Structure formats: C-alpha cells, structure tokens
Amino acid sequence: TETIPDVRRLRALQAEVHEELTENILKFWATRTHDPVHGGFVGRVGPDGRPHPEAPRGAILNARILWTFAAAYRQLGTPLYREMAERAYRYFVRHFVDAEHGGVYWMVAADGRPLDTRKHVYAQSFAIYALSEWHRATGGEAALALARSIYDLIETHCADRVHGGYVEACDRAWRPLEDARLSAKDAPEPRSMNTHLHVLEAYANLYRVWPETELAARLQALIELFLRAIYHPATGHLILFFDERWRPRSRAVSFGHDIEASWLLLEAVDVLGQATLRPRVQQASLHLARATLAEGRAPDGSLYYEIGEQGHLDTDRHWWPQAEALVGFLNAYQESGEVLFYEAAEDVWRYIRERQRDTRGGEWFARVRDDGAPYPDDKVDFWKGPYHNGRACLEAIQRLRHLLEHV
C-alpha cells in the first residue's frame, strides 16, 4: 500500500542529481579550487569565478572539502575524488592540526601559518566528521586516530556535565572563551543549536567507524538534549540560542537547520541502533519536516532563509537550505511513506536546477533574491564549501537507489 513514484520518475531524478553532482559541483571544485602555490585549496573564489590563493583559509571549509571528496570517492569510486581528498587531507594535517595542544585552528594564512588559533567546537566537529569519513573511504589509521584525539579534547575541555552539551569555543590552549559566535550574525549566547547539531553529526560519523561505548553514551546524551531542550514541540522548530541551562535566548527560526536536523537526528539514532529512542526522534523529525513544508517554503517550493528575532521573514534563497531540503524531504518520504514529501523534494530540486545552480559560472549561487536575481556573492568562502550541496546529492542518489529497489 505504498504510494511510490514510478520507476521513470525516480530514475530521472537520480540521473539529474548524479549529473549535477559530477558534472557541475565536483567538477567546479576539482578544477577551480586546487592551489598549486601553497598546496591544498583556495580560501575564496569571487563572484566572477576568480580563485584567491592568497586569501586566509578556514578549517571548516577545508574539512568540508575533505569530507565531500572522501564521501564521493567512497560512493562513486572515481579516482580523481580520492586524489582531491588526499590533497585536502595532507594540507589539513600539516597546517590546521595543532600538534602541540591538539585539535584544529580556526583559520590559517594561505601558506599555512596560524592566523586565528581559537579552538571552536564547531570546527573540531567538522574535523572529526571529515577525518572519520576519510577513514571510512580508505581505512587510513592516522585519520581515525586524529579524529579520536579531537573527540577526547572536546570531552575533556568543553563538556558541560551538569547541564548537558558543550562550551563552544576555547583559545588555542583550550581555555574557554566568552564569545562563541561563529560569525557576526550569531547571538552572543553561550549555547547554540548550530554547534550542537554538528557535534551530533560528527559523533555519529565517528561512532560508525569506531563504536566506542562511552561515545555511544555521549551521542545518546546529545540526541536526548535535542529532544528535551532544542526541539520545540509547540512550533515544530528548533530554538537557536540558549544560556548554559538551556533556557531559550532566541525566537528566530531557521528553516534550513530545521530540515537538516530532521534527517541528521534520525541518522544519529540509527547509527546507535537505539530502537527505544527512535519513535520519539522520528516524531520530532517528521514534525520538523512538516513545519518546514508548511511555513518555510515559497510557492515555487524553495526554502526561505529565516524568521529573524524581530519576526522579519528573510525571503532570500540561500544555497544550503535548498540542499538540506532535498535530503530532508526525501528522508521524510522514506520515514512516513507520505508522497507529498517526495513531491516537495522534486519541487526543491526543480528550483535548484532552474534558479540556484549557476550554469554560466559553475557550482551554485550562494543566494538568490525573491524576484529571481542572483546576488553577486563569493562562490567559495569561509562558509561556502562543497559539503551541503555535495552531501545532498550523494544522499539523494543513495536514497533514490533504495526506493528503486522497492520494485
């Protein structure tokens, strides 16, 4: 009694997503971004497509490049992707990894010299996430050892054992800072959904390749924290910022993070095999997906950016909430069987193809205005890597493969 799209449609979508990933996204990253002056990858590519090999380079961007090529190599086998992942890995261990105090720096100069040596938990998480994926792709022992060491540092210097969760930023020598903001957009509060979501994401990937008992408990504690403090059942949205005891300190809504969390929380519980926790997580996950469906979308099916603290709807289409909606809506279809979620996934994909991707200049536009005009934003920068859109394509391809197997 499944309602399932016909084989033609599933295959057509899968083919389009694969083409987008391999002929647009990964092609751009493999050809435009490698830097033969300093090694590794450039920190910025402007709106005109020009790479800037002298720009400062962020740990998050570089971890994202490692993760994406590693995951693409694992799933698709293409030797170029392993080559590109190795390139990212080598630069990362050489320059981002602090061999003295452990963990990864926030930002280095193009030549590898540390510029911003803070140890932000968000960056530590992305390091764990990428290193564990590289291990999953290659069996590399050093990558897994490094991921384990960073996990140990987060738990040692950042874990709040009284209230749950984590202090989010420390200095180079792991002493806590007051200002844990990832960027100027962010509220100056001690706890954020965003950082905790990516600790969860990282820990789930680590557990998959290293199923340590204590890690399972830390991951479960994070899932339980989301269910108890972060997810808001009255509205179907995540609360974004908090004090140390998880009292809400924000009323803003992020549609992209809602739909991202919707599928990542289920990935995390499934990695654990925690059958007792799953029903509650699925309920919250489906709610986040429905809330996004009903409140976060334009008539074209694309996702708006946020409702701000004063209530203003930011109608810009940023690239990453569209990617996250592709996976989150397909996931919601898989979980619920409700084909309206598949239709929503199809609609966001059509938007991605018709509006978000940049056919002229390659990759995807960072932002498109409500009237359809692309903003002249950078194509690659500190916060724009190949991870959200690359992962979204990889996830969709695999999910559509499973759906095709129901026949």
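From 1 onward, residues are counted along the sequence shown.
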Averaging C-alpha B-factors over each stretch, which comes out higher, 231-239 or 161-169?
161-169
Going by the average Cα B-factor in the PDB entry, point out whether 144-152 or 195-203 comes out higher.
144-152
Which listed residue, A217, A109, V93, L131, has the largest C-alpha temperature factor in the record?
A217
Highest Cα B-factor in the PDB entry belongs to which of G311, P79, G328, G296?
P79
What third of its chain, lowest, middle or highest, does the C-alpha temperature factor of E306 fall into?
lowest
Please place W210 in the lowest, middle or highest third of its chain by C-alpha B factor as given in the entry.
highest
Lowest, middle or highest third: where is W174 by C-alpha B factor in its chain?
highest
Where does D186 sit by CA temperature factor within its chain: lowest, middle or highest third?
highest
Taking the values exactly as deposited, rank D370 by C-alpha B-factor within its chain and report the matching third: lowest, middle or highest.
middle
